[PDB]
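Residue numbers (UniProt numbering), protein chains in the order written: chain F, 223 to 316; chain G, 49 to 204; chain H, 44 to 77, 104 to 142; chain X, 24 to 108; chain V, 2 to 60; chain A, 2 to 149; chain R, 10 to 102; chain D, 35 to 154; chain P, 10 to 149. For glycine and all other residues, C-beta sits at the position ideal for the given N, C-alpha and C. Reviewing the structure listed below.
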Amino acid sequence: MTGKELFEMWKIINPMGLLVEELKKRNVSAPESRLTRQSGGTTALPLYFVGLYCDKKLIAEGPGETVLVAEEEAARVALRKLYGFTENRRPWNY
Amino acid sequence: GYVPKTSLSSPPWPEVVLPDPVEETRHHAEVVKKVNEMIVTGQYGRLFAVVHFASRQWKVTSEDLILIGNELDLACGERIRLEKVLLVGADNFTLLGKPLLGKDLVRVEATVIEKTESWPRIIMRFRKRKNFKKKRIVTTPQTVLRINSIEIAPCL
Amino acid sequence: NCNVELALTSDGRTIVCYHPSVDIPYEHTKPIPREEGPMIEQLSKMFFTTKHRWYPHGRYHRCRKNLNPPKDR
Amino acid sequence: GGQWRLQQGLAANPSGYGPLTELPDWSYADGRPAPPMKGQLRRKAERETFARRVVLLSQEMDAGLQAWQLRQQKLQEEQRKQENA
Amino acid sequence: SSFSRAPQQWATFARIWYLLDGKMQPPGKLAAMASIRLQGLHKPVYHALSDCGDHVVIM
Amino acid sequence: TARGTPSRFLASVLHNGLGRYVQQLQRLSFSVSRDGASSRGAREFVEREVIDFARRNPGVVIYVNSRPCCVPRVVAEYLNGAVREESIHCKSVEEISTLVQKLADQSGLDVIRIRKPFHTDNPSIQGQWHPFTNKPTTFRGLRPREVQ
Amino acid sequence: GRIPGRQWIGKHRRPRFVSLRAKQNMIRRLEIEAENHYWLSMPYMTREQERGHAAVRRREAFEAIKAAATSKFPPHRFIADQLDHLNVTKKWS
Amino acid sequence: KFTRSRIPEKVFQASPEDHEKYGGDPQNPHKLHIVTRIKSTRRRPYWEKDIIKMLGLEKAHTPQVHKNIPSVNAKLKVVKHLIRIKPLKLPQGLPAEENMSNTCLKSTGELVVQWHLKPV
Amino acid sequence: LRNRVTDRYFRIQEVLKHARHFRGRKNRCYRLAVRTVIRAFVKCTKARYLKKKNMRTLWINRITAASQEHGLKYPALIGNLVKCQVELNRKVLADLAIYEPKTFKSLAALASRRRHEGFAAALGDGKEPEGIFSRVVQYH
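Printed below as a string of C-alpha cells:
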C-alpha cells in the first residue's frame, strides 16, 4: 500500500454523504461548500477549487473540471484529512 | 542632503528597513525554539531531503529509489547512512544548511538494492570526405539505492 | 508574495525556515450558483486551438503511435 | 558566484577543496566509515606531490644560497692567507 | 496536496486568464508580458511539449 | 539508439529494499562441454569456483549439465520471471566469475533505457505547484472588472 | 545591404565593433597582467647565486634518462607459457 | 616580420605604489611562484607553446610551483600573458616528513600543513 | 569462386535492424540505410552534450518562472543564495520550484533578505558589523 491512496484502496461512493454523517458523529455542524477560486467559467476547460468550510473555517479545498466534481473531490480531501490518511503522513516504520 | 520629490529623487524599489540585531536575535531564537518544539513533539509529516550523493544532488523523499552511475563496492541489500544532507524539509518547516547540515541532526539512510550495467550506449565518430568512421559500445556500471528513512533529530 | 519566518541557529551554522499554510478565509469565497469544415472550425473555437490539431493523420503515423506506453507515479 | 567566492577566499568553484568534496559521501548505518573514494585518494596524492615539490625546491634554494655564502667566505679567507707571509 | 491523481493533474496544468490594460503603455512592454504569459513561462511547470499555455486579454 | 529501443521507468520489483532485501535470482542453469576447448573456461570455473559461490548465496539453485542444446551457457532465471541467457563460449575463468556475480547481483528488470534516474512516488509533501498557490485571494472573491 | 566578397577577409570587411563585454574582458586580463609584472619584479637570487645549485639534481635526472634508454632489451622467455598453450586441449576424465 | 619579443626591464622595476597595491615586500622576497595557465597556447607562436611545455603548464587551471630565480623568471616573462602568477606563502613552517600528508593550497595563495574542515 | 562470402545476410541485417524505423527505402534498401544509420549513431553521440545543455536551460527557465513569481529575478536569486552559502544546484532548485513551493518561497525570501542585508553593509561600507546572513563559514 505504500504509494497508493486511501480512496483507491477503499472504493466509496457519495463521499460528501460520508463526510456529512461522520461530522454528525463529530457533533460539528454540516459543512458549507464555497467556490474559493476559479478560471474559465464559460468554456469547456474550467478550473474550480471548491472549498469545504465549517463555521467560518475550512476543512478542505479541492479541484475539479466542474463545481460538482470539485465539491465532491474536496469532500474526498476532507475525508483524507479527517482520517489522517493524507499524502504527507508519517511514512511506515520498517 | 534633503531632495524634493521627483522621478529620480529615489530608486524605484522600496527601501526596506533592516531592524536592529536585538529584536532580530529575539525573532531568530523564538522561531528556532518553536521549530525545535515541533520536532520534539513530532509534529511533522513526511520529510524530504536534498542529499549530495555521487556527485549530483538528489531531492530525496522517504522510501524511493535513486540510480547512481558507479559501482559503490557494497554487496546488495546493504544499509548506508548517507551523510552530506544539505537541506531537509517537512510541510511546516525546513532546516537548510550552510552548506551541509549536522551529522548529529539529520539521518538519511539507504540500502543498495541492485548493481546492474546500463543499456548499450553507442559512440560513433564520422568525418566526411575523409574516410573517418569509428564505432564503440560503452556500457557503464550502475547501482540503485532505496532511501528508507529520513529521520530528524531536535538538536537545534 | 512571500510571508515566512526565517532564522539562524545560535552557532550561525544552519538556517531555519518556518512557513505554514495560510488558509483561505470564509469571507474570501463566492458561493456556488445552482460538414467537416464547420466541424473543425467549431472545435477550434471551442478549444482555442487551431485546425491542424484536428485534421487526421494517416495509417502510417497512427501505426508509429505507441499504444502501451510506460506509466510512472 | 565565482568572483564573490574568490573575494571571500574560497576557491572559484565549490567542487574544489571543501566539505562538499572532501567528506566521505556515505557510511554504514552501524557507523563503520567507508573506504575512501578514488577521487579523494587522487587529490590527496596530488597534494603529496605538490608538498614534496615545495619542500624540494625550498631546500634547493637554501642550500644554494648557503653554498654561495660559503664560497664567498672561503675566497676572503684565501685572500687573507695570501696577504699573510 | 492530498488531491486525487487526475484532479491534481487538472489543477496543475489548467488554463488561466490574464487581463492586461493597454492605456498609455508601450506595445513592446505589453508584448513582452503577454508573450511570457502565453508561452507559459510564468509557470514553474513549463516545458515546450506540455502545451502549458495560458490566455491573455489585452484591452 | 534511444528511439530505436523500448524504454522503461526506473523500477523496484516488489519494493525490494523496504522491509527486507529479497535476492531477486532463483536459478542458474549452467551447461559445460565435456570434450570441448570452447568450454574449457566454463569447465575451469565449475572445477574451481562454483562451490564457494553456491555457498556464498543460498537463495539460488545452480544446476549444471553436460552437453547443452547447442553451446555452453548460463541461463539465469530471476524472481520476476525474466530469463536471462548469457553465453560463456570461450571465456576465461576470471570473466566467467565476473559475469556470474553480475547476474547474481542484478535484478531481473531489463537493460533497456531507463527514463528517469529517480523514482519518488510521493514527490510533493507541501503540495505540487498549481496556478493558485500564490495568487492572492480577494474580498468576496471578485474577479477583475467585476461590477460587484 | 551586403558585404562584397567574403565578410571578414579582404579589402572591404563587415564592420565589427567593441562592446562592453569586449572592453571589460580585455581589462580584467590586463589587470591580471599587471599583477604578473609585479610578481616577476622581485627575484630571490641572481645569476651568480643560482649558478650551480641544481647540478646534483640535473645530473641525477639525466642518469635516470640515460639508464632507462640503455636498459632496452627483449623480455625473457619461459617454459610454463609454452606448456600452458598445451593446456588448451584439456578434457575432464 | 613578427619576431620574438624582447622586454625592457623598466617594466619590471617596481613601484612603492605597487608595494602598497599588491601585498609585496621589496626586501625579503618570496621563495616560490605558483603559476597557473589561464589562457591557451593555441594561436601563439611555437616558442610560447614550447616554453609552456618546459614550465610544465600543458594543463590549464593547474597551480605549479617554480623557483623564483632569474632563469625561471625569464621563461615566465616570455609567457607572462598566458599565466597567472602568485607567491607561495607559508604561514607555518615548510612541511615536515610527518605532515607531508595533510597539506592544502588555499585560494589566497598560502600553503598550510594543517588542512581542516571541522567548522568553527 | 574458391571461397566467397556466405554470411553477408547477417552483416546486412546488422545495419537494417537499426534502420527498421526509418521512412522509405532507408528502412528497406541497404545503401540508403547504412548512410542513415551512421548519421543516427553520430546524432546520438553528439546529443549527449546537447542533452546536458538543454536540461540546464530548462532548469533556468523553471527557476526563473518561480522566482519571478516571488518577486526576484533568477540572477538575484542565484547570486544571493551563493552569497548566503546554500550550495543548491539548478536541478534541485527546479524540482523545489515545482514540487515543493513553500520551500521555494522560503528560499526566495532568504535571497531577498540576503540581498538587502549585504547591500546595507554596502551602503554603510567602512567600519560596520558584519551582516547577519553575511556571516560566513571559513575552513582552517
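Could you list which residues in chain H have their beta carbon closer than 7 Å to that of residue i, in chain order?
{"i": "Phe119/A", "result": "Correct list: empty, because the minimum Cβ distance to chain H is about 11 Å."}
So, residue i versus residue j, is the Cβ gap smaller than 7 Å?
{"i": "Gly42/A", "j": "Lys92/A", "result": "yes"}
{"i": "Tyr79/A", "j": "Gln25/A", "result": "yes"}
{"i": "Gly5/A", "j": "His27/P", "result": "yes"}
{"i": "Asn107/D", "j": "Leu29/R", "result": "no"}
{"i": "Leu15/A", "j": "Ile115/A", "result": "no"}
{"i": "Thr142/G", "j": "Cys60/H", "result": "yes"}
{"i": "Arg129/G", "j": "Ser110/G", "result": "no"}
{"i": "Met134/D", "j": "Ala74/X", "result": "yes"}
{"i": "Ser115/P", "j": "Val65/H", "result": "no"}
{"i": "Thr191/G", "j": "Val160/G", "result": "yes"}
{"i": "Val84/A", "j": "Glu45/A", "result": "no"}
{"i": "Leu153/G", "j": "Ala77/G", "result": "no"}
{"i": "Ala42/P", "j": "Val24/P", "result": "yes"}
Nearest-angstrom Cα distance between residue i and residue j?
{"i": "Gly41/X", "j": "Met223/F", "result": "42 Å"}
{"i": "residue 165/D", "j": "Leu145/D", "result": "No answer is possible for residue 165/D: the residues shown for chain D start at 35 and end at 154."}
{"i": "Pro145/A", "j": "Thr138/A", "result": "12 Å"}
{"i": "residue 1/V", "j": "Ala75/P", "result": "There is no way to answer for residue 1/V, as the model of chain V reaches only from 2 to 60."}
{"i": "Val61/A", "j": "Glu87/A", "result": "17 Å"}
{"i": "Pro83/R", "j": "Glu69/R", "result": "26 Å"}
{"i": "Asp22/V", "j": "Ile67/H", "result": "28 Å"}
{"i": "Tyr51/X", "j": "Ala97/G", "result": "19 Å"}
{"i": "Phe50/P", "j": "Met115/H", "result": "44 Å"}
{"i": "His95/D", "j": "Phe174/G", "result": "31 Å"}
{"i": "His131/A", "j": "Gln40/V", "result": "16 Å"}
{"i": "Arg56/H", "j": "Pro189/G", "result": "37 Å"}
{"i": "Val97/R", "j": "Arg86/R", "result": "20 Å"}
{"i": "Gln26/V", "j": "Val51/G", "result": "29 Å"}
{"i": "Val75/A", "j": "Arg57/A", "result": "18 Å"}
{"i": "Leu20/V", "j": "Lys136/A", "result": "14 Å"}
{"i": "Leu290/F", "j": "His56/V", "result": "24 Å"}
{"i": "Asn236/F", "j": "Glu254/F", "result": "16 Å"}
{"i": "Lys67/X", "j": "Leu46/X", "result": "13 Å"}
{"i": "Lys101/D", "j": "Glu43/D", "result": "20 Å"}
{"i": "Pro67/G", "j": "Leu257/F", "result": "40 Å"}
{"i": "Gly109/A", "j": "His100/G", "result": "28 Å"}
I want to verify the contact list: residues of chain D whose CB lies under 9 Å from the CB of residue i, in sequence order.
{"i": "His149/P", "result": "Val146, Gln148, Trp149, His150, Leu151, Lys152, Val154"}
With DSSP as the reference, please indicate the residues paired to residue i in a beta bridge.
{"i": "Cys138/D", "result": "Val146/D"}
{"i": "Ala97/G", "result": "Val108/G, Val136/G"}
{"i": "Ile47/P", "result": "Answer is none; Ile47/P lacks a bridge partner."}
{"i": "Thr57/H", "result": "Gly145/G"}
{"i": "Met172/G", "result": "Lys183/G"}
Kindly list, in the order they appear in chain P, the residues whose Cβ is closer than 8 Å to that of residue i.
{"i": "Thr138/A", "result": "Chain P residues near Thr138/A: none, gap ~16 Å exceeds 8 Å."}
{"i": "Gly49/G", "result": "Residues of chain P passing the Cβ test: none, with the nearest at roughly 14 Å."}
{"i": "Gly55/H", "result": "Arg144, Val146"}
Using a C-beta to C-beta distance shorter than 7 Å, which residues of chain A count as neighbours of residue i?
{"i": "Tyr39/P", "result": "The premise fails here: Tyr39/P is roughly 17 Å from chain A at the closest Cβ pair, so nothing lies under 7 Å."}
{"i": "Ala12/V", "result": "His131"}
For a contact defined as C-beta to C-beta under 8 Å, what are the partners of residue i on chain X?
{"i": "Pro129/D", "result": "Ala74, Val77, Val78"}
Which residues in chain F have a C-beta closer than 8 Å to the C-beta of residue i? List them in chain order.
{"i": "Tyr69/H", "result": "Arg256, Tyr275, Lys278, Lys279, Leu280"}
Can you pull the chain V residues whose beta carbon is under 8 Å from the beta carbon of residue i, in chain order?
{"i": "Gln127/A", "result": "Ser2"}
Starting from the beta carbon of residue i, find every residue of chain F whose beta carbon is closer than 9 Å, and list them in chain order.
{"i": "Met115/H", "result": "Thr265, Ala266"}
Could you work out which residues of chain F lie near residue i, taking near to mean beta carbons separated by less than 7 Å?
{"i": "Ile17/V", "result": "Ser261"}
{"i": "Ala32/V", "result": "Correct list: empty, because the minimum Cβ distance to chain F is about 23 Å."}
Whose Cβ in chain D lies nearer than 8 Å to the Cβ of residue i?
{"i": "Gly32/X", "result": "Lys140, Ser141, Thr142"}
Taking C-beta pairs closer than 9 Å, name the residues in chain A that residue i reaches, listed in chain order.
{"i": "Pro45/V", "result": "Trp130"}
Run down chain H in chain order and give the residues with a C-beta less than 8 Å from the C-beta of residue i.
{"i": "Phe141/G", "result": "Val59, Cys60, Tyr61, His62"}
- Pick out the complete alpha helix (DSSP H) segments inside the UniProt domain "DRBM" (236-306) of chain F, 4 residues or longer, and give them in chain order. 237-248, 289-305
- Which runs of the beta strand (DSSP E) fall wholly inside the segment 43-69 of chain A and span at least 3 residues, in chain order? 62-67
- Query: Residue ranges of each alpha helix (DSSP H) run of no fewer than 4 residues wholly in the segment 84-132 of chain P, ordered along the chain?
  - Reply: 99-108, 110-132
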